[PDB]
Amino acid sequence: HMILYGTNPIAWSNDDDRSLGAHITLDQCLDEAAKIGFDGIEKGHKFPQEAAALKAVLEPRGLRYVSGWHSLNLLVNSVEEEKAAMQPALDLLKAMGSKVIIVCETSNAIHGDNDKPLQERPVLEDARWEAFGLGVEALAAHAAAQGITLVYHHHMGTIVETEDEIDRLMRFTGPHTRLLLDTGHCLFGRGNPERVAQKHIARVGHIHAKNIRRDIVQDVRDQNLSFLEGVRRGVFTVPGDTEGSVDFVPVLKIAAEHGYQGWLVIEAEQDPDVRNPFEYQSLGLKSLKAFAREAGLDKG
Ligand SMILES: [Mn+2]
């Protein structure tokens, strides 16, 4: 199909804080993703990282390997260092048939630091944006030469969090660099996903349908909480949840009008004990497919 629907395993077992959902085995996560009806699933920390072993657990379940998160350190390492650092991820993605690599600069990120409030996130100095963008685009060209599209994941607690910083990254990159539009991280960072899509839809190569609970976001700011504290409180949820604040249909309508093809991935990290992953991911898939139909994105 033109539109594929994936999930991310952090709804079961968190990556930034491996104690969240540690009791949930990989087999449980993969069985539940498959039986819910997802076309594929993104990499998680409990996934095998060799082609043969990864196929052995995904192919029997009918699950495609969507992509994998890859950390960047362009602010501390040379471009050639980062090309070597990302080559193993590209080799795995090519062997699994993936078409996309998810990247994000994490050298100075704080989303994985439980003691650092989100307001103390790094802000890249203006004089360093041109060089950083040149490095990101260089990695994008390297991946593109090997058939893989690099999509940059704007993220709370990193140097690319606000709407203005998303525009800046797009301005200082291209043509190969693409944007991973994550609706949840966009709204959390005080941006509007619909407006971001209207500007950059032509450059968007991957979409994460992530919802946010506004009241929890307000708590994070008012009480000066860390990213992981927000996650444990339920800052993120799924499409179709009445407690969510993201309006998905307008975003998907912009995608439909411009002929987006690729993955819609439900990524909603939550405390699995409180927010049952099977229940919420099922609601997300049903609701996201309905929203894609209502926006004209999915014709079938
Ligand atoms: Mn995401």
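Just so you know, ligand 1 is whichever comes first in the structure, and atom 1 is the first atom listed for that ligand. Numbers for residues simply follow the sequence, beginning at 1.
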Listed protein N/O/S atoms, distance to the Mn ion (ligand 1) under 2.8 Å: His153 NE2, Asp182 OD2, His208 ND1, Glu267 OE1
Partners passing side-chain hydrogen bond (donor to acceptor under 3.5 Å, both in side chains) against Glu165 (at least two apart in sequence or in another chain): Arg121, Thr162
For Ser226, side-chain hydrogen bond (donor to acceptor under 3.5 Å, both in side chains) partners two or more places apart: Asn114
Whether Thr158 side chain and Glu105 backbone form a donor-acceptor pair below 3.5 Å: no
Steps toward ring pair (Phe, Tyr, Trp, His ring centres under 6.0 Å) verdict (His206, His153): CA-CA 9 Å; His206 206 61; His153 198 338; 8.8 Å; no
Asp27 with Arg61: basic N within carboxylate O range, under 4.0 Å: yes
Linked hydrophobic residues, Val123 as query - side chain contacts closer than 4.5 Å: none
